[PDB]
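J.: The file below is protein_6.pdb, PDB, C-alpha atoms:
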```
ATOM      1  CA  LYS N  67      24.895  -5.958 -13.885
ATOM      2  CA  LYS N  68      25.003  -2.240 -12.921
ATOM      3  CA  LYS N  69      22.642  -0.889 -10.241
ATOM      4  CA  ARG N  70      20.988   2.270 -11.589
ATOM      5  CA  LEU N  71      21.385   4.043  -8.222
ATOM      6  CA  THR N  72      25.053   4.289  -7.159
ATOM      7  CA  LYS N  73      26.679   6.363  -4.406
ATOM      8  CA  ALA N  74      26.877   9.413  -6.683
ATOM      9  CA  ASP N  75      23.028   9.372  -6.852
ATOM     10  CA  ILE N  76      22.643   9.812  -3.044
ATOM     11  CA  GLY N  77      20.005  12.396  -2.226
ATOM     12  CA  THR N  78      18.578  12.528  -5.742
ATOM     13  CA  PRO N  79      14.747  12.611  -5.832
ATOM     14  CA  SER N  80      12.833   9.353  -6.080
ATOM     15  CA  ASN N  81      10.748   8.765  -9.177
ATOM     16  CA  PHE N  82       8.064   7.433  -6.737
ATOM     17  CA  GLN N  83       5.516   9.212  -4.568
ATOM     18  CA  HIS N  84       6.078   9.280  -0.817
ATOM     19  CA  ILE N  85       3.876   9.937   2.217
ATOM     20  CA  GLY N  86       6.158  11.909   4.349
ATOM     21  CA  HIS N  87       7.130  11.758   7.992
ATOM     22  CA  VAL N  88       4.097  11.977  10.292
ATOM     23  CA  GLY N  89       2.336  13.036   7.086
ATOM     24  CA  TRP N  90       4.212  16.388   7.241
ATOM     25  CA  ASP N  91       6.326  18.131   4.512
ATOM     26  CA  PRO N  92       8.666  20.967   5.626
ATOM     27  CA  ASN N  93       7.673  23.274   2.715
ATOM     28  CA  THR N  94       3.994  22.403   2.084
ATOM     29  CA  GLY N  95       2.966  21.411   5.622
ATOM     30  CA  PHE N  96       0.629  18.515   6.355
ATOM     31  CA  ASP N  97      -0.620  16.460   3.402
ATOM     32  CA  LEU N  98      -4.321  16.495   4.210
ATOM     33  CA  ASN N  99      -5.295  13.395   2.168
ATOM     34  CA  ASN N 100      -2.646  11.264   3.928
ATOM     35  CA  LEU N 101      -2.926  12.834   7.389
ATOM     36  CA  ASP N 102      -3.376  10.357  10.193
ATOM     37  CA  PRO N 103      -7.030  10.122  11.299
ATOM     38  CA  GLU N 104      -6.350  10.204  15.053
ATOM     39  CA  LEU N 105      -3.975  13.136  14.568
ATOM     40  CA  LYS N 106      -6.656  14.939  12.550
ATOM     41  CA  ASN N 107      -9.126  14.214  15.389
ATOM     42  CA  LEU N 108      -6.708  15.801  17.807
ATOM     43  CA  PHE N 109      -6.331  18.841  15.526
ATOM     44  CA  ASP N 110     -10.114  19.314  15.256
ATOM     45  CA  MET N 111     -10.499  19.292  19.037
ATOM     46  CA  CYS N 112      -7.967  22.155  19.002
ATOM     47  CA  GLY N 113      -9.846  24.181  16.394
ATOM     48  CA  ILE N 114      -6.779  24.099  14.135
ATOM     49  CA  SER N 115      -7.687  25.356  10.667
ATOM     50  CA  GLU N 116      -6.893  23.477   7.471
ATOM     51  CA  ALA N 117      -5.061  26.666   6.430
ATOM     52  CA  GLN N 118      -2.941  26.579   9.582
ATOM     53  CA  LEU N 119      -1.999  22.956   8.926
ATOM     54  CA  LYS N 120      -0.996  23.817   5.333
ATOM     55  CA  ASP N 121       1.048  26.883   6.461
ATOM     56  CA  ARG N 122       4.787  26.330   6.879
ATOM     57  CA  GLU N 123       5.444  28.471   9.972
ATOM     58  CA  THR N 124       2.477  27.108  11.935
ATOM     59  CA  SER N 125       2.623  23.428  10.881
ATOM     60  CA  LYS N 126       6.245  23.280  12.049
ATOM     61  CA  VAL N 127       5.158  24.436  15.500
ATOM     62  CA  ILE N 128       2.407  21.783  15.484
ATOM     63  CA  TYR N 129       4.805  19.116  14.198
ATOM     64  CA  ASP N 130       7.355  20.073  16.863
ATOM     65  CA  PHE N 131       4.918  20.029  19.778
ATOM     66  CA  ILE N 132       3.716  16.601  18.604
ATOM     67  CA  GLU N 133       7.298  15.370  18.626
ATOM     68  CA  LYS N 134       7.826  16.994  22.027
ATOM     69  CA  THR N 135       4.969  15.219  23.776
ATOM     70  CA  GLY N 136       5.975  11.723  22.657
ATOM     71  CA  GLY N 137       5.397  11.410  18.937
ATOM     72  CA  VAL N 138       2.164  10.441  17.233
ATOM     73  CA  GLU N 139       2.174   7.192  19.255
ATOM     74  CA  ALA N 140       1.429   8.957  22.528
ATOM     75  CA  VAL N 141      -1.384  10.946  20.886
ATOM     76  CA  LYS N 142      -2.956   7.772  19.499
ATOM     77  CA  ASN N 143      -2.753   6.052  22.888
ATOM     78  CA  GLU N 144      -4.409   9.046  24.380
ATOM     79  CA  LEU N 145      -7.454   9.377  22.178
ATOM     80  CA  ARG N 146      -7.777   5.598  22.526
ATOM     81  CA  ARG N 147      -7.778   5.632  26.352
ATOM     82  CA  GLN N 148     -10.297   8.467  26.113
ATOM     83  CA  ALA N 149     -12.527   6.349  23.899
ATOM     84  CA  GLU N 150     -12.498   3.254  26.115
ATOM     85  CA  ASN N 151     -13.124   5.643  29.038
ATOM     86  CA  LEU N 152     -16.060   7.069  27.136
ATOM     87  CA  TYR N 153     -17.239   3.472  26.584
ATOM     88  CA  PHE N 154     -17.481   2.640  30.305
ATOM     89  CA  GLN N 155     -18.967   6.092  31.065
ATOM     90  CA  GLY N 156     -21.868   5.578  28.673
ATOM     91  CA  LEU N 157     -22.965   2.662  30.861
ATOM     92  CA  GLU N 158     -26.001   3.368  33.105
ATOM     93  CA  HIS N 159     -26.437   1.595  36.475
TER      94      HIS N 159
ATOM     95  CA  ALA X  70       4.787  45.147  -5.746
ATOM     96  CA  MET X  71       3.290  48.723  -5.360
ATOM     97  CA  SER X  72      -0.298  47.613  -4.615
ATOM     98  CA  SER X  73      -1.209  45.955  -1.315
ATOM     99  CA  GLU X  74      -2.407  42.937  -3.229
ATOM    100  CA  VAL X  75       0.510  42.344  -5.583
ATOM    101  CA  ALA X  76       2.961  42.763  -2.736
ATOM    102  CA  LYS X  77       1.491  39.615  -1.159
ATOM    103  CA  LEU X  78       1.726  37.747  -4.452
ATOM    104  CA  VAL X  79       5.337  38.868  -4.702
ATOM    105  CA  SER X  80       6.080  37.973  -1.092
ATOM    106  CA  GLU X  81       4.431  34.538  -1.177
ATOM    107  CA  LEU X  82       6.127  33.464  -4.404
ATOM    108  CA  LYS X  83       9.419  35.061  -3.262
ATOM    109  CA  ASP X  84       9.199  32.910  -0.167
ATOM    110  CA  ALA X  85       8.078  29.730  -1.949
ATOM    111  CA  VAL X  86      11.016  29.930  -4.367
ATOM    112  CA  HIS X  87      13.558  30.777  -1.710
ATOM    113  CA  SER X  88      12.728  28.286   1.005
ATOM    114  CA  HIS X  89      12.465  25.566  -1.623
ATOM    115  CA  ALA X  90      15.961  26.233  -2.990
ATOM    116  CA  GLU X  91      17.004  26.788   0.633
ATOM    117  CA  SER X  92      15.843  23.324   1.691
ATOM    118  CA  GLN X  93      17.647  21.995  -1.414
ATOM    119  CA  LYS X  94      20.914  23.480  -0.117
ATOM    120  CA  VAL X  95      20.445  21.647   3.194
ATOM    121  CA  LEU X  96      19.650  18.263   1.600
ATOM    122  CA  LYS X  97      22.683  18.726  -0.640
ATOM    123  CA  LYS X  98      25.044  19.165   2.325
ATOM    124  CA  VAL X  99      23.570  16.180   4.176
ATOM    125  CA  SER X 100      23.801  14.156   0.929
ATOM    126  CA  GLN X 101      27.443  15.115   0.300
ATOM    127  CA  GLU X 102      28.292  14.161   3.897
ATOM    128  CA  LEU X 103      26.581  10.782   3.623
ATOM    129  CA  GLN X 104      28.284  10.313   0.221
ATOM    130  CA  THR X 105      31.898  10.988   1.223
ATOM    131  CA  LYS X 106      31.519   8.896   4.387
ATOM    132  CA  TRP X 107      30.039   5.820   2.707
ATOM    133  CA  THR X 108      32.455   6.161  -0.187
ATOM    134  CA  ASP X 109      35.417   6.255   2.155
ATOM    135  CA  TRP X 110      34.054   3.544   4.443
ATOM    136  CA  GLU X 111      33.562   1.272   1.436
ATOM    137  CA  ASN X 112      36.997   2.010  -0.076
ATOM    138  CA  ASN X 113      38.837   1.804   3.247
ATOM    139  CA  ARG X 114      37.143  -0.044   6.136
ATOM    140  CA  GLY X 115      35.994  -2.787   3.699
ATOM    141  CA  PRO X 116      33.728  -5.354   5.347
ATOM    142  CA  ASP X 117      32.968  -3.084   8.305
ATOM    143  CA  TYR X 118      30.984  -0.906   5.921
ATOM    144  CA  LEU X 119      29.040  -3.998   4.809
ATOM    145  CA  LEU X 120      28.610  -4.976   8.441
ATOM    146  CA  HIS X 121      27.243  -1.563   9.291
ATOM    147  CA  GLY X 122      24.994  -1.478   6.247
ATOM    148  CA  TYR X 123      23.119  -4.480   7.560
ATOM    149  CA  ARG X 124      22.566  -2.782  10.880
ATOM    150  CA  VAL X 125      21.325   0.446   9.253
ATOM    151  CA  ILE X 126      18.824  -1.638   7.296
ATOM    152  CA  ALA X 127      18.162  -3.841  10.319
ATOM    153  CA  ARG X 128      17.337  -0.678  12.258
ATOM    154  CA  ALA X 129      15.048   0.586   9.447
ATOM    155  CA  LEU X 130      13.001  -2.643   9.375
ATOM    156  CA  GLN X 131      12.400  -2.416  13.100
ATOM    157  CA  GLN X 132      11.319   1.225  12.610
ATOM    158  CA  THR X 133       8.647   0.411  10.051
ATOM    159  CA  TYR X 134       7.532  -2.434  12.333
ATOM    160  CA  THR X 135       6.765  -0.189  15.305
ATOM    161  CA  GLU X 136       5.493   2.615  13.062
ATOM    162  CA  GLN X 137       2.999   0.327  11.308
ATOM    163  CA  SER X 138       2.186  -1.419  14.585
ATOM    164  CA  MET X 139       0.363   1.707  15.641
ATOM    165  CA  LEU X 140      -1.899   1.789  12.565
ATOM    166  CA  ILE X 141      -3.320  -1.732  12.992
ATOM    167  CA  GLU X 142      -7.048  -1.866  13.743
ATOM    168  CA  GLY X 143      -7.534  -4.457  16.420
ATOM    169  CA  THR X 144      -4.938  -7.025  17.393
ATOM    170  CA  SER X 145      -8.154  -9.038  17.952
ATOM    171  CA  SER X 146      -9.546 -11.085  15.034
ATOM    172  CA  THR X 147     -12.886  -9.300  14.883
ATOM    173  CA  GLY X 148     -14.435 -11.375  12.114
ATOM    174  CA  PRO X 149     -12.927 -13.763   9.555
ATOM    175  CA  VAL X 150      -9.430 -12.809   8.361
ATOM    176  CA  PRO X 151     -10.328 -11.652   4.783
ATOM    177  CA  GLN X 152      -9.103 -13.809   1.920
ATOM    178  CA  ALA X 153      -6.900 -11.065   0.458
ATOM    179  CA  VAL X 154      -4.858 -10.715   3.669
ATOM    180  CA  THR X 155      -4.321 -14.423   4.206
ATOM    181  CA  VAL X 156      -3.051 -14.624   0.655
ATOM    182  CA  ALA X 157      -0.892 -11.533   1.198
ATOM    183  CA  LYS X 158       0.651 -12.860   4.424
ATOM    184  CA  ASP X 159       1.457 -16.203   2.789
ATOM    185  CA  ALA X 160       3.098 -14.452  -0.204
ATOM    186  CA  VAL X 161       5.339 -12.565   2.240
ATOM    187  CA  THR X 162       6.667 -15.822   3.693
ATOM    188  CA  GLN X 163       7.112 -17.429   0.259
ATOM    189  CA  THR X 164       8.823 -14.557  -1.542
ATOM    190  CA  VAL X 165      11.092 -14.010   1.473
ATOM    191  CA  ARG X 166      12.057 -17.669   1.940
ATOM    192  CA  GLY X 167      12.806 -17.632  -1.803
ATOM    193  CA  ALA X 168      14.875 -14.467  -1.698
ATOM    194  CA  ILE X 169      16.702 -16.249   1.127
ATOM    195  CA  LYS X 170      17.144 -19.294  -1.147
ATOM    196  CA  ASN X 171      18.429 -17.555  -4.327
ATOM    197  CA  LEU X 172      21.246 -16.384  -2.031
ATOM    198  CA  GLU X 173      22.057 -19.308   0.319
ATOM    199  CA  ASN X 174      21.136 -22.611  -1.502
ATOM    200  CA  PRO X 175      21.301 -21.744  -5.231
ATOM    201  CA  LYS X 176      21.687 -23.753  -8.434
ATOM    202  CA  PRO X 177      24.847 -23.306 -10.631
ATOM    203  CA  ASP X 180      25.309 -19.501  -8.543
ATOM    204  CA  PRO X 181      24.451 -17.212  -5.568
ATOM    205  CA  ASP X 182      22.328 -14.181  -6.448
ATOM    206  CA  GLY X 183      20.888 -11.567  -4.113
ATOM    207  CA  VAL X 184      18.743  -9.327  -6.306
ATOM    208  CA  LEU X 185      15.610 -10.860  -4.773
ATOM    209  CA  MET X 186      16.820 -10.153  -1.214
ATOM    210  CA  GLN X 187      17.635  -6.576  -2.223
ATOM    211  CA  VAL X 188      14.189  -5.896  -3.695
ATOM    212  CA  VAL X 189      12.074  -7.142  -0.794
ATOM    213  CA  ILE X 190      14.382  -5.266   1.576
ATOM    214  CA  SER X 191      13.594  -2.086  -0.319
ATOM    215  CA  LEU X 192       9.890  -3.047  -0.218
ATOM    216  CA  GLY X 193      10.115  -3.579   3.546
ATOM    217  CA  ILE X 194      11.770  -0.243   4.370
ATOM    218  CA  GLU X 195      10.433   1.942   1.559
ATOM    219  CA  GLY X 196       7.061   0.324   0.835
ATOM    220  CA  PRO X 197       5.137   1.586   3.895
ATOM    221  CA  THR X 198       6.273   5.124   2.968
ATOM    222  CA  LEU X 199       4.795   5.044  -0.518
ATOM    223  CA  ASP X 200       1.738   7.031  -1.448
ATOM    224  CA  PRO X 201      -1.223   4.605  -1.069
ATOM    225  CA  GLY X 202      -1.834   5.183  -4.761
ATOM    226  CA  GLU X 203       1.496   3.662  -5.784
ATOM    227  CA  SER X 204       1.375   0.204  -7.344
ATOM    228  CA  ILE X 205       3.311  -2.370  -5.334
ATOM    229  CA  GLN X 206       3.603  -4.431  -8.524
ATOM    230  CA  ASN X 207       5.156  -1.481 -10.320
ATOM    231  CA  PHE X 208       7.484  -0.676  -7.403
ATOM    232  CA  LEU X 209       8.741  -4.273  -7.400
ATOM    233  CA  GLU X 210       9.238  -4.341 -11.151
ATOM    234  CA  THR X 211      11.150  -1.040 -11.201
ATOM    235  CA  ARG X 212      13.364  -2.363  -8.427
ATOM    236  CA  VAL X 213      14.535  -5.537 -10.172
ATOM    237  CA  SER X 214      15.837  -3.244 -12.960
ATOM    238  CA  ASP X 215      17.426  -0.807 -10.483
ATOM    239  CA  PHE X 216      19.266  -3.712  -8.829
ATOM    240  CA  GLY X 217      20.428  -5.358 -12.078
ATOM    241  CA  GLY X 218      17.952  -8.161 -12.690
ATOM    242  CA  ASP X 219      17.360  -7.847 -16.470
ATOM    243  CA  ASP X 220      20.818  -9.309 -17.290
ATOM    244  CA  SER X 221      20.741 -11.770 -14.356
ATOM    245  CA  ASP X 222      19.965 -15.299 -15.408
ATOM    246  CA  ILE X 223      17.356 -15.889 -12.698
ATOM    247  CA  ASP X 224      13.771 -15.251 -13.666
ATOM    248  CA  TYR X 225      11.982 -13.229 -11.021
ATOM    249  CA  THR X 226       8.689 -12.625 -12.836
ATOM    250  CA  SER X 227       7.173 -15.462 -10.791
ATOM    251  CA  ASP X 228       8.183 -14.010  -7.414
ATOM    252  CA  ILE X 229       7.262 -10.395  -8.292
ATOM    253  CA  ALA X 230       3.739 -11.281  -9.413
ATOM    254  CA  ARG X 231       3.220 -13.341  -6.262
ATOM    255  CA  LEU X 232       4.025 -10.328  -4.101
ATOM    256  CA  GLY X 233       2.715  -7.481  -6.225
ATOM    257  CA  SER X 234      -0.600  -9.240  -6.858
ATOM    258  CA  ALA X 235      -1.190 -10.078  -3.173
ATOM    259  CA  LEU X 236      -0.025  -6.763  -1.733
ATOM    260  CA  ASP X 237      -1.929  -4.704  -4.303
ATOM    261  CA  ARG X 238      -5.173  -6.617  -3.682
ATOM    262  CA  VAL X 239      -5.043  -5.643   0.000
ATOM    263  CA  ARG X 240      -3.865  -2.141  -0.837
ATOM    264  CA  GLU X 241      -6.951  -1.445  -2.943
ATOM    265  CA  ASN X 242      -9.593  -3.742  -1.369
ATOM    266  CA  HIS X 243      -8.657  -3.792   2.351
ATOM    267  CA  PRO X 244      -6.515  -0.693   2.913
ATOM    268  CA  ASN X 245      -6.767  -0.727   6.709
ATOM    269  CA  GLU X 246      -5.235  -4.194   6.733
ATOM    270  CA  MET X 247      -2.088  -3.147   4.860
ATOM    271  CA  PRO X 248      -0.152  -2.416   8.104
ATOM    272  CA  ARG X 249      -0.772  -6.033   9.108
ATOM    273  CA  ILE X 250       1.106  -7.114   5.991
ATOM    274  CA  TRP X 251       3.884  -4.544   6.401
ATOM    275  CA  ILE X 252       4.645  -5.761   9.940
ATOM    276  CA  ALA X 253       4.769  -9.373   8.737
ATOM    277  CA  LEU X 254       7.108  -8.384   5.914
ATOM    278  CA  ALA X 255       9.362  -6.550   8.340
ATOM    279  CA  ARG X 256       9.584  -9.298  10.982
ATOM    280  CA  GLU X 257      10.527 -11.902   8.388
ATOM    281  CA  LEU X 258      12.964  -9.542   6.696
ATOM    282  CA  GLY X 259      14.325  -8.532  10.105
ATOM    283  CA  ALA X 260      15.119 -12.148  10.977
ATOM    284  CA  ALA X 261      16.429 -12.814   7.451
ATOM    285  CA  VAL X 262      18.834  -9.834   7.584
ATOM    286  CA  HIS X 263      20.160 -10.442  11.099
ATOM    287  CA  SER X 264      20.934 -14.035   9.988
ATOM    288  CA  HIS X 265      22.810 -12.826   6.934
ATOM    289  CA  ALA X 266      24.687 -10.361   9.156
ATOM    290  CA  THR X 267      25.780 -13.048  11.630
ATOM    291  CA  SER X 268      26.911 -15.481   8.905
ATOM    292  CA  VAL X 269      28.899 -12.763   7.125
ATOM    293  CA  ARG X 270      30.570 -11.979  10.469
ATOM    294  CA  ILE X 271      32.300 -15.368  10.476
ATOM    295  CA  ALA X 272      34.788 -14.409   7.726
ATOM    296  CA  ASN X 277      39.242 -10.671  11.761
ATOM    297  CA  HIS X 278      36.904  -7.677  12.169
ATOM    298  CA  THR X 279      36.695  -4.533  14.312
ATOM    299  CA  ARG X 280      33.460  -5.000  16.277
ATOM    300  CA  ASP X 281      32.472  -1.685  17.910
ATOM    301  CA  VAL X 282      33.615   0.623  15.089
ATOM    302  CA  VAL X 283      30.252  -0.201  13.435
ATOM    303  CA  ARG X 284      29.076   2.767  15.450
ATOM    304  CA  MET X 285      29.073   3.915  11.824
ATOM    305  CA  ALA X 286      25.500   2.604  12.107
ATOM    306  CA  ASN X 287      24.541   5.359  14.553
ATOM    307  CA  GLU X 288      26.154   7.917  12.263
ATOM    308  CA  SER X 289      24.476   6.839   9.015
ATOM    309  CA  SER X 290      21.142   6.424  10.772
ATOM    310  CA  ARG X 291      21.639   9.969  12.084
ATOM    311  CA  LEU X 292      22.268  11.458   8.627
ATOM    312  CA  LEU X 293      19.536   9.283   7.092
ATOM    313  CA  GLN X 294      17.049  10.397   9.747
ATOM    314  CA  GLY X 295      17.833  13.997   8.861
ATOM    315  CA  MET X 296      17.306  13.329   5.166
ATOM    316  CA  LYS X 297      14.007  11.565   5.953
ATOM    317  CA  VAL X 298      12.358  14.580   7.595
ATOM    318  CA  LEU X 299      13.625  16.835   4.759
ATOM    319  CA  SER X 300      12.605  14.503   1.941
ATOM    320  CA  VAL X 301      11.188  11.033   2.481
ATOM    321  CA  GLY X 302      11.788  10.401  -1.211
ATOM    322  CA  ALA X 303      15.472  11.300  -1.107
ATOM    323  CA  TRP X 304      15.920   8.968   1.866
ATOM    324  CA  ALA X 305      14.228   6.078   0.040
ATOM    325  CA  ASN X 306      16.642   6.614  -2.823
ATOM    326  CA  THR X 307      19.746   6.622  -0.653
ATOM    327  CA  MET X 308      18.352   3.619   1.241
ATOM    328  CA  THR X 309      18.175   1.647  -2.003
ATOM    329  CA  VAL X 310      21.756   2.704  -2.675
ATOM    330  CA  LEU X 311      22.881   1.094   0.570
ATOM    331  CA  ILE X 312      20.837  -2.007  -0.222
ATOM    332  CA  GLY X 313      22.538  -2.262  -3.608
ATOM    333  CA  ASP X 314      25.897  -2.717  -1.853
ATOM    334  CA  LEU X 315      24.500  -5.493   0.326
ATOM    335  CA  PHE X 316      23.809  -9.214  -0.212
ATOM    336  CA  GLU X 317      26.317  -9.397  -3.089
ATOM    337  CA  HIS X 318      29.825 -10.963  -3.159
TER     338      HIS X 318
END
```
Could you write out this structure as structure tokens?
T.:
Amino acid sequence: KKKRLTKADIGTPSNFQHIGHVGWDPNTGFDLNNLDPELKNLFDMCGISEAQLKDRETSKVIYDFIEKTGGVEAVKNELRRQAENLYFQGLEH
Amino acid sequence: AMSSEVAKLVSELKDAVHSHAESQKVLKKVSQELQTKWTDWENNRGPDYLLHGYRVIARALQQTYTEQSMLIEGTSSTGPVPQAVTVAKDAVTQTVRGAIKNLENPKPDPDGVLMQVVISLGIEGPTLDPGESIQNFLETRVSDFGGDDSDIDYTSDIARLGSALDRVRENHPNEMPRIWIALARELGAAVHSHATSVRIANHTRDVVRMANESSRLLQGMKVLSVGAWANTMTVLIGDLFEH
């Protein structure tokens, strides 16, 4: 039988709700409920305001830096290394 | 906008309305490109379209794999594997082996609606709002792919998957990426096998660099509108696994 979505429907909006790439929307900025935790942690260490994350002009520049330096993956790996480093450095001989 | 304080209201709303309808113009151009290309490639290049469609999907399954790989808690089994996730992982294998079966070893007549749905689940599912019902997603998709008229009954397979995946999604949310990766690795093997068996029936091999084109246009759509991408993904899927 007929598939409701045919080639003429390409690009039409989904009737479902979607997270968004790297939790970022290019008009509304970062969705703060579905932001990544480790990315948030990075942003807090940088003093970045919730209003700067939700601003279009500034969130783009954050988004773009994050893509520059190796995507969210590199950031995650970095906070993680830092945590296992902080694990061994809490040890007292 | 005379006052200092109404001029900002005017400016902000001005901007909001414009850059919205501006981003709609963009999306529309990318859509119309992707539309004329796929339409032509279907109507001309016949089974090379099909062949590239698998690879565009195949590429999108691998992408959710590595994306969701980097959300998993510990690769180590830190306590007992909860019940809900064992049941979810098993449902992935069963619904996928059965979507494989409706298509390859049927009973008199091959049908691919089940393949199509779980493929959409595998690519599009990890992108859904955590609030979205996986049961509902799967139900909506058997209608969108035909299903209601088709003489196979899917209500058994959907409730297997929806039930299992939704139990994890609400009760053990941090374990969901574990299930998404499983779904993608099984789907990724399943697709690549369908691609290699459809290759056997006389074909231009390296002109399925279409794949790099579509996955370029689709990647542009995705950053503009994840939802629009998910819709045009399910359009591609609807042209696959049929006959």
J.: When the PyMOL selection byres ((chain X) within 6 of (chain N)) is applied to the structure above, which residues does it catch, written out as a PyMOL selection string?
T.: chain X and resi 100+198-200+215-217+298+301-303+306-307+310
J.: Could you list as a short mmCIF file (atom, residue, chain, number, x, y, z; two decimals) with C-alpha atoms, in the frame of the given file every residue that has an atom within 12 Å of (21.2, -19.1, -11.4), using the file's coordinates and counting only C-alpha atoms?
T.:
```cif
data_model
loop_
_atom_site.label_atom_id
_atom_site.label_comp_id
_atom_site.auth_asym_id
_atom_site.auth_seq_id
_atom_site.Cartn_x
_atom_site.Cartn_y
_atom_site.Cartn_z
CA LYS X 170 17.14 -19.29 -1.15
CA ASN X 171 18.43 -17.56 -4.33
CA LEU X 172 21.25 -16.38 -2.03
CA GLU X 173 22.06 -19.31 0.32
CA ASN X 174 21.14 -22.61 -1.50
CA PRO X 175 21.30 -21.74 -5.23
CA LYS X 176 21.69 -23.75 -8.43
CA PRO X 177 24.85 -23.31 -10.63
CA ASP X 180 25.31 -19.50 -8.54
CA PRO X 181 24.45 -17.21 -5.57
CA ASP X 182 22.33 -14.18 -6.45
CA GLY X 183 20.89 -11.57 -4.11
CA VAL X 184 18.74 -9.33 -6.31
CA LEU X 185 15.61 -10.86 -4.77
CA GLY X 218 17.95 -8.16 -12.69
CA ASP X 220 20.82 -9.31 -17.29
CA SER X 221 20.74 -11.77 -14.36
CA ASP X 222 19.96 -15.30 -15.41
CA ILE X 223 17.36 -15.89 -12.70
CA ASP X 224 13.77 -15.25 -13.67
CA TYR X 225 11.98 -13.23 -11.02
#
```
J.: Which protein, DNA or RNA residues have an atom at most 10 Å from (4.8, -12.1, 1.2), counting all atoms listed in the file? List them as a list in words.
T.: residues 155, 156, 157, 158, 159, 160, 161, 162, 163, 164, 165, 166, 189, 228, 229, 231, 232, 233, 235, 236, 250, 251, 253, 254 and 257 of chain X
J.: If we count all atoms listed in the file and set the cut-off at 9 Å, which residues sit around residue 130 (chain X), ignoring sequence neighbours fewer than 4 positions away in its own chain? Please answer as a PyMOL selection string.
T.: chain X and resi 125-126+134-135+190+193-194+252+254-256+258-259
J.: Between CA of residue 129 (chain N) and CA of residue 241 (chain X), what is the distance, to one decimal in Å?
T.: 29.2 Å
J.: Once you add 5 Å to each side, what are the centre and edge lengths of the axis-aligned box holding all listed atoms of region 96-100 of chain N? One decimal in Å, as lines of an AutoDock Vina configuration file, if you can.
T.:
```
center_x = -2.3
center_y = 14.9
center_z = 4.3
size_x = 15.9
size_y = 17.3
size_z = 14.2
```
J.: Please compute the CA of residue 128 (chain N)-CA of residue 83 (chain X) distance, one decimal, in Å.
T.: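 So the answer is 24.0 Å.
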J.: Take CA of residue 110 (chain X) and CA of residue 285 (chain X) and report the distance between them in Å, one decimal.
T.: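 Rounded to one decimal, the two atoms are 8.9 Å apart.
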J.: Pull out every residue that the PyMOL selection byres ((chain X and resi 290) around 12) matches in the shown coordinates and put them as a list in words.
T.: residues 103, 121, 122, 123, 124, 125, 126, 127, 128, 129, 132, 283, 284, 285, 286, 287, 288, 289, 291, 292, 293, 294, 295, 296, 297, 304, 307, 308 and 311 of chain X
J.: Within 12 Å of region 118-123 of chain N, counting only C-alpha atoms, which residues qualify if same-chain residues fewer than 3 places away don't, as number ranges by chain?
T.: N: 89-99, 101, 105-106, 109-110, 112-115, 126-130; X: 81, 84-85, 88-89
